[PDB]
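Undergrad: With the deposited numbering applied, the sequence shown corresponds to residues 45 to 93, 110 to 295, in that order.
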Amino acid sequence: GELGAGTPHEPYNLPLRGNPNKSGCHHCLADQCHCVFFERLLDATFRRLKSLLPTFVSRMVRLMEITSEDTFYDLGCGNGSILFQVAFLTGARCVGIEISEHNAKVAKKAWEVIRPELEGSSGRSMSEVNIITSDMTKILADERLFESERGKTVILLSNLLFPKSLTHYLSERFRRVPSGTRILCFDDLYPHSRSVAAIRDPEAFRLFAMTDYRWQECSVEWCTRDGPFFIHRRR
Ligand SMILES: Nc1ncnc2c1ncn2[C@@H]1O[C@H](CSCC[C@H](N)C(=O)O)[C@@H](O)[C@H]1O
Ligand SMILES: [Ca+2]
Ligand SMILES: [Cl-]
Ligand SMILES: [Zn+2]
Numbered sequence: 045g046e047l048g049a050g051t052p053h054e055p056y057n058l059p060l061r062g063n064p065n066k067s068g069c070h071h072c073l074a075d076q077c078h079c080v081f082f083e084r085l086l087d088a089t090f091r092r093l110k111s112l113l114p115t116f117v118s119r120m121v122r123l124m125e126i127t128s129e130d131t132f133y134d135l136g137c138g139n140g141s142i143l144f145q146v147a148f149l150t151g152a153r154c155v156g157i158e159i160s161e162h163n164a165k166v167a168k169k170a171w172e173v174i175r176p177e178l179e180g181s182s183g184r185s186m187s188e189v190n191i192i193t194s195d196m197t198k199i200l201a202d203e204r205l206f207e208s209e210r211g212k213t214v215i216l217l218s219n220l221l222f223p224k225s226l227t228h229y230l231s232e233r234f235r236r237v238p239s240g241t242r243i244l245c246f247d248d249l250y251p252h253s254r255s256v257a258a259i260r261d262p263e264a265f266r267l268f269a270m271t272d273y274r275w276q277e278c279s280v281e282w283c284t285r286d287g288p289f290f291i292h293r294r295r
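Encoded structure:
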């Protein structure tokens with residue numbers, strides 16, 4: 045149902061439906077979804093105690125082919141909302157890395173209060189969610205990270221406000237993750253808008269299949285309008 049072709053000139057884009065689906069959602073292709081449920085649950089949880113909204117996560121789970129056999133990594137997970145939604149929708153093991161100690165504390169406490177509610181409503185046990193309080197560069201400096209997962213690895217990199225040096229280091233490091241790994245970024249790790257890119261960086265194209273996307277309107281906190289993001293799949 046997505047429009048476009050995933051190319052730089054025709055990125056994949058999903059227009060909002062004029063009327064909500066049966067779950068009240070204007071975003072998802074499916075006529076049933078959990079976006080509003082998670083909106084309300086997240087808001088209630090964090091009241092009891110720069111972001112991607114639940115509609116974005118619902119679209120992402122489909123785009124990145126996330127399965128219960130995958131391990132989902134949110135690099136810069138913040139309060140952990142993405143981890144909670146991905147675990148609920150996929151059953152994958154979820155790992156978040158957060159450099160801010162306060163944010164890691166908030167994510168762990170929110171997970172503790174939220175997991176009982178998800179398991180009570182769905183009747184199913186939640187997969188594991190782990191929060192690592194650290195700079196992601198320290199963690200990813202280990203070449204053995206992700207290797208045992210055999211490419212059953214999904215990585216979210218919300219790096220619009222990351223310094224360019226950090227994104228560049230991640231672009232270098234992700235060339236060496238196993239085949240099959242899927243990586244989502246916003247400030248492109250492997251700029252490929254121009255046709256000469258494959259001559260400038262032939263290794264990046266040998267190592268990745270690259271797909272361009274527009275995020276749906278009102279799916280990101282900072283913008284009501286749409287914007288670009290990219291999925292790179294290790295060949
Ligand atoms: N070098 C670094 N290592 C780990 N986390 C970092 C980091 N630089 C920035 N971050 C974190 O990345 C987060 C970006 S906000 C994105 C939050 C979440 N991924 C979402 O999509 O909703 C911030 O919480 C910030 O603390
Ligand atoms: Ca490797
Ligand atoms: Cl490898
Ligand atoms: Zn939805």
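Backbone N, C-alpha and C define an ideal beta-carbon position, used for all residues, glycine too.
Considering only C-alpha positions, which residue in the set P223, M186, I126 and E177 is nearest to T197?
TA: Of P223, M186, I126 and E177, the residue nearest in Cα terms is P223.
Undergrad: For the alpha helix (DSSP H) holding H228, just list the boundary residues, first then last.
TA: Here the alpha helix (DSSP H) through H228 covers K224 to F234.
Undergrad: Give a yes or no on whether the C-beta atoms belonging to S160 and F82 are separated by under 9 angstroms.
TA: Taking 9 angstroms as the Cβ cut-off, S160 and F82 do not qualify as a contacting pair.
Undergrad: First and last residue of the beta strand (DSSP E) that includes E125?
TA: Counting along the chain, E125 falls outside any beta strand (DSSP E), and DSSP gives it neither H nor E.
Undergrad: Nearest to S187 by CA position, among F144, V117 and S253, is which residue?
TA: Of the candidates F144, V117 and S253, the one whose C-alpha sits nearest the C-alpha of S187 is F144.
Undergrad: At which residue ranges does the region 129-164 contain complete beta strand (DSSP E) runs of 3 or more residues, listed in the order of the chain?
TA: Entirely contained in the region 129-164, the beta strand (DSSP E) runs reaching 3 residues are, in chain order, 131-135 and 153-158.
Undergrad: Taking Cβ to Cβ, would you say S218 is nearer than 9 angstroms to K110?
TA: Going by C-beta atoms, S218 is nearer than 9 angstroms to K110.
Undergrad: Quick check on DSSP: helix, strand or coil for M186?
TA: Coil at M186, not helix or strand.
Undergrad: Closer than 6 angstroms by C-beta to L113: which residues in its own chain qualify, once you throw out the five before and the five after it? Chain order, please.
TA: So the qualifying residues of the chain are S279.
Undergrad: Let's test the definition: count the other Cβ atoms within 10 Å of the Cβ of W282 and tell me whether it reaches 16, buried, or not, exposed.
TA: That one is exposed.
Undergrad: Looking at the structure shown, is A258 part of a helix, part of a strand, or coil, going by DSSP?
TA: It is helical.
Undergrad: By Cβ distance, which residues of its chain are closer than 7 angstroms to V173, with the 5 residues on each side in sequence left out?
TA: If we look at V173 and ignore the five residues flanking it on each side, its Cβ neighbours are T89 and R92.
Undergrad: Any heavy atom of ligand 4 closer than 8 angstroms to the CB of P114?
TA: Correct: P114 has its Cβ closer than 8 angstroms to ligand 4.
Undergrad: Using DSSP bridges, identify the partner residues of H292.
TA: Partner(s): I243 and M270.
Undergrad: Whose C-alpha, out of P251, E54 and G138, is nearest the C-alpha of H228?
TA: Among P251, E54 and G138, the Cα nearest to that of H228 belongs to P251.
Undergrad: Assuming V214 is part of the beta strand (DSSP E), what are its boundary residues?
TA: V214 -> beta strand (DSSP E) spans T213 to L217.
Undergrad: Figure out for me which residue from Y133, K168 and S118 has the closest Cα to the Cα of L149.
TA: Considering only alpha carbons, the answer is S118.
Undergrad: Checking the sheet assignment: what are the DSSP bridge partners for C283?
TA: DSSP, once it has assigned bridges, lists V280 as partnering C283.
Undergrad: Round the Cβ separation of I157 and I199 to the nearest angstrom and send it over; I've been treating them as touching at under 8 angstroms.
TA: Yes, they are in contact, since the Cβ atoms of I157 and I199 sit about 6 angstroms apart, within 8 angstroms.
Undergrad: Between which residues of its own chain and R293 is the CB-CB distance below 6 angstroms, once the five residues before and five after are set aside?
TA: Closer than 6 angstroms at the Cβ level, and outside the excluded window around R293, lie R242 and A269.
Undergrad: Between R210, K165 and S208, which has its C-alpha nearest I192's C-alpha?
TA: The candidate whose alpha carbon is nearest that of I192 is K165.
Undergrad: Would you tell me roughly how many angstroms separate the C-alpha atoms of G50 and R204, rounded to the nearest one?
TA: Looking at the two C-alpha atoms, the distance is approximately 31 angstroms.
Undergrad: Give the DSSP bridge partners of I192, in chain order.
TA: Per DSSP, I157.
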